[PDB]
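Every chain is numbered from 1, with letters handed out A, B, ... down the list of sequences. As a basis for the values below, the full set of heavy atoms in this structure was taken, side chains included, without hydrogen atoms, waters or symmetry mates.
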2 protein chains.
Amino acid sequence: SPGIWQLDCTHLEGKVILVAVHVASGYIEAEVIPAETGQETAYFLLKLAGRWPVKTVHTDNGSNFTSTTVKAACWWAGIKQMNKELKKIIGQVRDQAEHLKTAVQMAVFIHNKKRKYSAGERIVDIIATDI
Amino acid sequence: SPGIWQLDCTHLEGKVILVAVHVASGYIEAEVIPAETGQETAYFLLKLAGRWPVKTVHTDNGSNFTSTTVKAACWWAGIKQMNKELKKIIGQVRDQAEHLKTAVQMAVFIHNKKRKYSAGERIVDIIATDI
Ligand SMILES: Cc1sc(-c2ccccn2)c(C2=CCC(C)(C)CC2)c1[C@H](OC(C)(C)C)C(=O)O
Ligand SMILES: Cc1sc(-c2ccccn2)c(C2=CCC(C)(C)CC2)c1[C@H](OC(C)(C)C)C(=O)O
Ligand SMILES: [Mg+2]
Ligand SMILES: [Mg+2]
C-alpha cells in the first residue's frame, strides 16, 4: 500500500540518523538528530506527514513509538502503527563534506535519483496514481 | 514549469523561517533556522533537491544566493538561479504547540492538505505527469 512507511534509527560517528523509507518505492528521507528521542521522532513524523500521504508507519523497534508525545503526533496527523545501502553511499561521499548531516543529505539524494525510473520517480508516480 | 521553486526567509518571534514554494502547485516546505545564513540556505536546498526534481530556484532577495557555499550546493545538485497565508495558519495553531517549529510544521501540513485537489496532491500529479 502507498501509505506505508518504515521508520528506524541508526548510529554513525556517535550521532543518530532517523531513516524513513516509503516501502512501495524505496524512496528515503533522513535526518541527523543528537539522540534517539520521542520528541525527535514526533517532529520528524509531523514533517513527513506534511509532505506525503502517510497512513501507517512500521518500525523495527516497537518501543520507539511508546511515548505519549509520539502518539499525540500520530493522532494529530492521522497516522496508525536500507541502513546498509545508505551507510554505503555515506562512506563514498563522506570525504566531500565536513558535517555528517551534509553527507547524509548527499547520500539520500544519490539514493533517490539512481536508476535501475528512480526511487524519487516511483514515489511520485505511485502516489499520483492513487490520488 | 514543474522544476521552479521560490525560496524566502520570514521572521516570527525573533526566529527565521525558510519557506520554499513549488510555484506550479502552491505546495510548501519550511524549516525554522536560528538566523539567515548561506549554510542554512545551502543545506535546506540539498534537502529539497533530494526529494523533488528541483531545476530552478527564484527568491525575492537576490543577495541570499550570493555566498560561495550556496553556489556550491546548487552546483552539486544541478540547480540554476505565501508568507501571509502561512503566517495566518501559524497564528491559528500557535496555541496548540510549545515550539514555533512545531507550529510551523502543523501549518505547513494544514496548508498542503486543504482542498479548494490539495496542494500536496497537485505537486505529486504535476511531477508524475512530467516524468
Ligand atoms: C560547512 C560547509 S562549507 C561548504 C562549501 C563547499 C564549497 C564551497 C564553500 N563552502 C559545504 C558544502 C556545500 C556544497 C555541498 C555539495 C553540499 C557539500 C559541501 C559545507 C557543508 O555544510 C553545509 C551544507 C551546512 C554548508 C559541509 O558539511 O561540508
Ligand atoms: C515538546 C512537545 S510535548 C508534545 C506533547 C503533546 C501531547 C502529549 C505529549 N507531548 C508536543 C506535541 C506533539 C503533538 C503535536 C500535534 C505535534 C503538537 C504538540 C510537543 C511539541 O514539540 C515536539 C513536536 C518537538 C515534541 C511542541 O512544540 O509543543
Ligand atoms: Mg558534524
Ligand atoms: Mg521554541
Side-chain angles (χ1 to χ4, degrees), chain A residues 2 20 22 25 27-32 39-40 42-54 69 72-73 76-79 86 89 93 96-115 117-131, chain B residues 2 20 22 25 27-32 39-40 42-54 69 72-73 76-79 86 89 93 96-115 117-131:
Chain A
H22 172 73
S25 63
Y27 162 99
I28 75 192
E29 276 194 30
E31 302 269 352
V32 168
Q39 291 203 359
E40 294 301 334
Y43 176 68
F44 183 103
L45 276 170
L46 251 197
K47 285 204 273 203
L48 194 78
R51 54 182 78 101
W52 305 107
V54 181
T69 111
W76 194 89
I79 300 164
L86 183 77
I89 301 166
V93 308
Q96 314 164 32
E98 185 178 337
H99 302 298
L100 181 52
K101 70 201 231 279
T102 308
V104 167
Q105 296 316 148
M106 296 169 72
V108 160
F109 177 111
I110 291 151
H111 176 88
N112 291 149
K113 259 94 234 233
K114 199 109 80 204
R115 296 216 162 64
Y117 321 86
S118 66
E121 287 164 323
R122 300 197 287 285
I123 187 173
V124 169
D125 183 42
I126 289 159
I127 300 285
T129 299
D130 195 66
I131 254 171
Chain B
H22 172 73
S25 63
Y27 162 99
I28 75 192
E29 276 194 30
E31 302 269 352
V32 168
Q39 291 203 359
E40 294 301 334
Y43 176 68
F44 183 103
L45 276 170
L46 251 197
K47 285 204 273 203
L48 194 78
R51 54 182 78 101
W52 305 107
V54 181
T69 111
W76 194 89
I79 300 164
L86 183 77
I89 301 166
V93 308
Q96 314 164 32
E98 185 178 337
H99 302 298
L100 181 52
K101 70 201 231 279
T102 308
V104 167
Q105 296 316 148
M106 296 169 72
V108 160
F109 177 111
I110 291 151
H111 176 88
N112 291 149
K113 259 94 234 233
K114 199 109 80 204
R115 296 216 162 64
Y117 321 86
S118 66
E121 287 164 323
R122 300 197 287 285
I123 187 173
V124 169
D125 183 42
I126 289 159
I127 300 285
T129 299
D130 195 66
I131 254 171

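The greatest number of non-hydrogen atom pairs below 4.5 Å with chain B, out of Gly120(A), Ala42(A), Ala49(A), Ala30(A), is found for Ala49(A). Note on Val104(B), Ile131(B), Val124(B): by heavy-atom pairs under 4.5 Å with chain A, the leading option is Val124(B).
Residues forming a salt bridge (charged side-chain N to carboxylate O under 4.0 Å, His left out) with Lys47(A) (at least two apart in sequence, or on another chain): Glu31(A), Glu31(B).
In this structure, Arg122(B) contributes its side chain and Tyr117(B) its backbone to a donor-acceptor pair below 3.5 Å.
For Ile127(A), the parts lying under 4.5 angstrom from a heavy atom of chain B are both the backbone and the side chain. Looking at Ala77(B), the atoms closer than 4.5 Å to chain A (heavy atoms on both sides) sit in the backbone and in the side chain alike. Neither the backbone nor the side chain of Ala73(A) comes within contact range of chain B; no heavy atoms are under 4.5 Å apart.
When all heavy atoms of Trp52(B) and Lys113(A) are compared, the closest pair comes out as O-NZ, 2.9 Å.
Using a 4.5 Å heavy-atom cutoff, the side chains of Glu121(B) and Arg115(B) are in contact.
Checking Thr102(A) against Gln105(A) by side-chain atom types alone, no donor-acceptor pair falls below 3.5 Å.
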